[PDB]
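Engineer: I am attaching a structure below and will ask some questions about it afterwards.
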Protein chains: 6
Amino acid sequence: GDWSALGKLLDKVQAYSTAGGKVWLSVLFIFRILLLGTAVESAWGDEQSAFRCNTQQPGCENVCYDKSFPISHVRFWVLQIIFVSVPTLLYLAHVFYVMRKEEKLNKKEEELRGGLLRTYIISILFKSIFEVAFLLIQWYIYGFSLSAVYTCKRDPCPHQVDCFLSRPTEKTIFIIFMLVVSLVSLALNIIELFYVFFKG
Amino acid sequence: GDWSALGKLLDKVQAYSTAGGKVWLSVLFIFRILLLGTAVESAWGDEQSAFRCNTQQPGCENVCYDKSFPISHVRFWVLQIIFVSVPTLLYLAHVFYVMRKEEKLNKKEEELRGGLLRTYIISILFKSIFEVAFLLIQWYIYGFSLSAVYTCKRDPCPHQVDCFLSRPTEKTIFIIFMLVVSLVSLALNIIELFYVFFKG
Amino acid sequence: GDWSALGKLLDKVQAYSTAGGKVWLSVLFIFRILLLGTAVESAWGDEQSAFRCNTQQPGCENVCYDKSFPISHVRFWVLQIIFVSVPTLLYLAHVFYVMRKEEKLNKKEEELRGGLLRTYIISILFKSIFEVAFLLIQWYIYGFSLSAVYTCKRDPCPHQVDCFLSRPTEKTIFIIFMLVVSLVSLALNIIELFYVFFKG
Amino acid sequence: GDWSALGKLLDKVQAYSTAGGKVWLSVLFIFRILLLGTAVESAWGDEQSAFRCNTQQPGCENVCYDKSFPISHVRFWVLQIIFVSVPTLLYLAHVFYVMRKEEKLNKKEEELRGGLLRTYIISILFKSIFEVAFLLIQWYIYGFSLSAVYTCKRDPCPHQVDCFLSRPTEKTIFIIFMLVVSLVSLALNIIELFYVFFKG
Amino acid sequence: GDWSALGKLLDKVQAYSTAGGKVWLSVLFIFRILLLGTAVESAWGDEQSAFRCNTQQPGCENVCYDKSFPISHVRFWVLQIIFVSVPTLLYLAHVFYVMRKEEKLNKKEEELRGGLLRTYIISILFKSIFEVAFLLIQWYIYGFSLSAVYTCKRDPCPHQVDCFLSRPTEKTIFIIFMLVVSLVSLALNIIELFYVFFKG
Amino acid sequence: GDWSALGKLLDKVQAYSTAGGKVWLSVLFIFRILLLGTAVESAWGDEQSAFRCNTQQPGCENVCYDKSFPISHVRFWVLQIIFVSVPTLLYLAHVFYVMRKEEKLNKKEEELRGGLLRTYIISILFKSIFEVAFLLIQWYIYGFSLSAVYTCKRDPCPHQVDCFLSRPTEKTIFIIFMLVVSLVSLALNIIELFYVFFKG
């Protein structure tokens, strides 16, 4: 039975916000890592092996596929998850080490509202900023639909060449799904901030 | 020995319905995740690599396969499992945190039928609604049989083109099996609701 | 040390039959899941990628392979294992919850031969019925040998076409092995039933 | 700390033979499962995909490869390991359940050289019989060398056809290695039997 | 509960530097092993299978790809992680064994600033030296950009041959990312060294 | 808390040699199994699928690749690790069982420098002999460099045939690295032997 020194750590860190701010923030565990690990990875399996362009010329397929996709979507969502997860991790590390230093303190000098809310709201605004920045980068690069026919105009390919993607509809549905989950996570992060700021 | 603080949590949450409502609801653990993970995933392995259409034209295979399958069945059942699992998870989280708050309560202020049934029946009706919605979407999109010959009439393919699927009979049997398991889960969810409503 | 509340559960459930009924029923753990997971799965690896028919016509290979194999053997044995495992699991769940209810009972009202054999023999006869039904379905569908040459007579293939399977001898040996293990499991299940019925 | 109820079980079962009979019988754990799992499995990876015969005729490759290899060596060694491991497992199960019944006994009726050596020598002679039977079957089927050129004379291939195997030298070395390990295990099993029989 | 004999070991080793030197040195766990294991490995999947040069001559592709890539980037970053991780590991091993010897000491002879900072700064300067050496080797070998067209002038290829790489943009982005993480790790390692040297 | 009966076993076995003999012998755990499992395995992935010889004749590629590589390097290093690891394992097993027999002894008969150094130096000299034997076998078979062009003169290939290997430079670097690690392990094993022999 060694689940006590960790039970108090979570009750101290979860005492700030509303309980709805924690019991609705499980979508980072059930809707993000699970969906990226299980289903949507296999849809991007045969990416380059099924891309085909209508040309006799050798080597045009590689440069046209490069111009179509600067960076595939699954690595993009992995970078989004990594760059969003980090402030919560450093916040938990700082809070746990401050708690451990004070737990060492009262047994080393007492044998005879603070900066935590500031760090908390800093982490929340950083999460919001990174989420809206990644959403704007995706809206600028790709849009939220994929056409089955792409027109390629790159060297050393002759004038205009047509290329056909692999499985566009399923990728469209999954792009829309990740967009909806990201927007819901954004609104959920701003709602608890409004709740805490109107509590004080 | 640390299996006591979790033994009471399950006896409190399982005290509402009949024991048959729990000991028959193991099919989410034995018939859904096991069957999707072990057997039926390997049947959808060589999906695009064995699809073939009878045409000399380049790139017609991709668009005809896209028009045949907007979304493959295994990702559809994964989305069904995820969208059905979530209400039970949030119900357990809310009940455990209410129990933890009241366990903190009686040691913080006593040293000197409720909303749970409402949340329970809300979760059960949400499970039923999502199950019948997914079944109706599958009945509208695909039907419950697969033909070996498909007729494709999409650009830029010439007039009419024939395509042959890969392994239709085994996929037909597994579609029928998942349909039967979904219907049995639906009837099982409504039976305990009738039992609880006629208990009170 | 938390292996006491589980040690009594197994001694209560194993008290009914002979000890030989349990120490010989480990073949579901050593001969079924191990053999299907380790060796015989890799033999059915290159199933469709090595099937070949002797025709110039496109798309005849898929329909002839479909007519040869309605459902491959490894998914069939997986369905057999799943449909045989379930009565033991529900029997253990019912017995454990009855034991837990009575363990709660004698501490809630005593502070101041039964239905189990019926459920047991019901589970045993269900196991026997499912085993002999799966064996008869396999004897009706495939037989217990495989020829290297198959004659295919399906549309849109011309008149008669010959196809050659991949690795028939190893699959024949493994089919014979699973048949022998299934028959031994059947006789082993009926022997303990005779022993218990002649005990009483 | 729950490693006491298992420490006595091993001291009781290891009290019969010499300590060298146990500390040298770790080759079933370090030399058999490790070597089959790690190194020698990858050598039989591209078995059928690199087999090639010198003929224009379609479908001759499959039947000539079938006639060359009735059953590949890795599944053969897996069957050898499984059919050798089982007597030790049933011996441990019987000894542990007899020990548990007698541990229940002296607390249920005493509150106010035997059959084990027979079962032990039966298990040892069964291990020896199965080892020498598998070695004789391998000596009858394959021999202990592989030629790079095979002559195939099977229907419907024309008269005589030549086929070339993939990587024969590495497979020869591993066949010789498994033969040496099997012979050493045989001599090691018979030495402890002689030691125990000359002890009594 | 066995997390005490390890809790003191970490408080002794983390007592030297600032807490920011440890809570910011988690990037070896969250940004290095995770990113190399999950995302960037799959980008270097189809390396040789998509490399193509524009020549009729057999075997020119292998030597031109060899001259383009002496060693691929993922094995290079793996060697960097391994050669950077080792001084911290030997430092922890030496400190733990010195602590264990002194813990044995005061119970064996007392029943009736030191070399650690030197070893610490030695490990830190070794980490800095290896990081800047690997960065200079990568700047000398490859540069920090990749062109889609490579000119190959090696035997036995005729005069000048052109080759096209696979997915250059995504690899460029990941090269820039690993460069930024390495520079940040370098500055972070030198900052705590300045902090400790100006503390004393 | 069950890490005491194992803490004394390691302090008894590590009491013989210097602490540097143990804290520097972690390279079997950090530099051998990790490097073989993670990086260098993927370099030998596409071995046979990229080997190509310049001939129109069928089946010459297999015999020329066989004559080039009698046994690939990764299985060779796996055999080296297995044949080096075993003396330490049997030494630990013998020491632990002697310690367990004497721990049973003083509680069974006392209720009212030795052979260990000989076994230790035997294990060390066996490790040295096996290391230098494997290094001499590798120096005799392959040398420590690989040429991109191989000349093959085997039946039934016509007179002289040229073959081109896949990725020779990276394999050269990894061969040199494993050679350096093996030589460092050899010198490290002989240094502690000199230290112990000059201690006594």
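In the structure tokens, chains take the letters A, B, ... in the order shown, each chain's residues start at 1, and ligands count up from 1 in the order shown.
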Please, which residues of chain F lie no more than 7 Å from chain D when the count uses only C-alpha atoms, and can they be set out as a PyMOL selection string?

Structural biologist: chain F and resi 1-2+58-59+62+66+70-71+75+93

Engineer: Mind checking which residues fall within 9 Å of residue 154 in chain C, counting only C-alpha atoms, ignoring those fewer than 3 positions away in the same chain, and posting them as a PyMOL selection string?

Structural biologist: chain C and resi 60+63-64+67+157-161

Engineer: Would you save the residues from that selection as a short mmCIF file (atom, residue, chain, number, x, y, z; two decimals), in the first residue's frame, using N, CA and C atoms?

Structural biologist:
data_model
loop_
_atom_site.label_atom_id
_atom_site.label_comp_id
_atom_site.auth_asym_id
_atom_site.auth_seq_id
_atom_site.Cartn_x
_atom_site.Cartn_y
_atom_site.Cartn_z
N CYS C 60 -9.70 -12.94 -62.21
CA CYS C 60 -10.21 -14.28 -61.95
C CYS C 60 -9.62 -14.87 -60.67
N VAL C 63 -11.85 -14.13 -57.36
CA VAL C 63 -13.09 -14.88 -57.20
C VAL C 63 -12.80 -16.37 -57.06
N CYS C 64 -11.74 -16.88 -57.69
CA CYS C 64 -11.43 -18.29 -57.48
C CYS C 64 -10.88 -18.54 -56.08
N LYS C 67 -13.89 -18.55 -53.80
CA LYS C 67 -14.66 -19.79 -53.85
C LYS C 67 -13.91 -20.94 -53.20
N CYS C 157 -14.71 -16.02 -65.01
CA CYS C 157 -13.63 -16.86 -65.53
C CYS C 157 -14.13 -17.80 -66.62
N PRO C 158 -13.30 -18.01 -67.65
CA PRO C 158 -13.65 -18.91 -68.75
C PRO C 158 -13.77 -20.33 -68.23
N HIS C 159 -14.75 -21.08 -68.74
CA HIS C 159 -15.05 -22.49 -68.42
C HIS C 159 -14.39 -23.12 -67.18
N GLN C 160 -13.22 -23.70 -67.38
CA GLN C 160 -12.48 -24.33 -66.30
C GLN C 160 -11.09 -23.73 -66.12
N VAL C 161 -10.76 -23.37 -64.88
CA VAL C 161 -9.46 -22.79 -64.57
C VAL C 161 -8.79 -23.52 -63.41
#

Engineer: So which residues touch range 184-197 of chain F within 12 Å, counting only C-alpha atoms, skipping near sequence neighbours fewer than 2 positions away, as JSON, numbers by chain?

Structural biologist: {"F": [15, 16, 17, 18, 19, 20, 21, 22, 23, 24, 25, 26, 27, 28, 31, 32, 81, 84, 117, 118, 120, 121, 122, 123, 124, 125, 126, 127, 128, 129, 130, 131, 132, 133, 134, 135, 177, 178, 179, 180, 181, 182, 199, 200]}

Engineer: Rounded to one decimal in Å, what is the spacing between CA of residue 9 in chain C and CA of residue 98 in chain C?

Structural biologist: 10.8 Å

Engineer: I need the residues of range 92-151 of chain B that end up classed as helix (DSSP H, G or I) by DSSP on the backbone, written out as a ChimeraX atom specification.

Structural biologist: /B:92-105,115-141

Engineer: I need the residue nearest residue 183 in chain F from this list: F:136, F:36, F:141, F:99. Use only C-alpha atoms for the distance.

Structural biologist: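 Smallest distance to residue 183 in chain F is found for F:136.
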
Engineer: Run DSSP on the backbone of this structure and report the residues of range 1-159 of chain A it assigns to strand (DSSP E), as a PyMOL selection string.

Structural biologist: chain A and resi 52-53+149-152

Engineer: How many Å lie between CA of residue 174 in chain F and CA of residue 156 in chain E, rounded to one decimal?

Structural biologist: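 Between these atoms lies a distance of 25.8 Å.
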
Engineer: Work out how far apart CA of residue 65 in chain A and CA of residue 151 in chain A are and give it in Å to one decimal.

Structural biologist: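 Distance between the two atoms: 10.7 Å.
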
Engineer: Measuring between only C-alpha atoms, which one of D:116, D:78, D:44, D:198 shows the shortest distance to residue 96 in chain D?

Structural biologist: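 Looking only at the distances to residue 96 in chain D, the closest residue turns out to be D:116.
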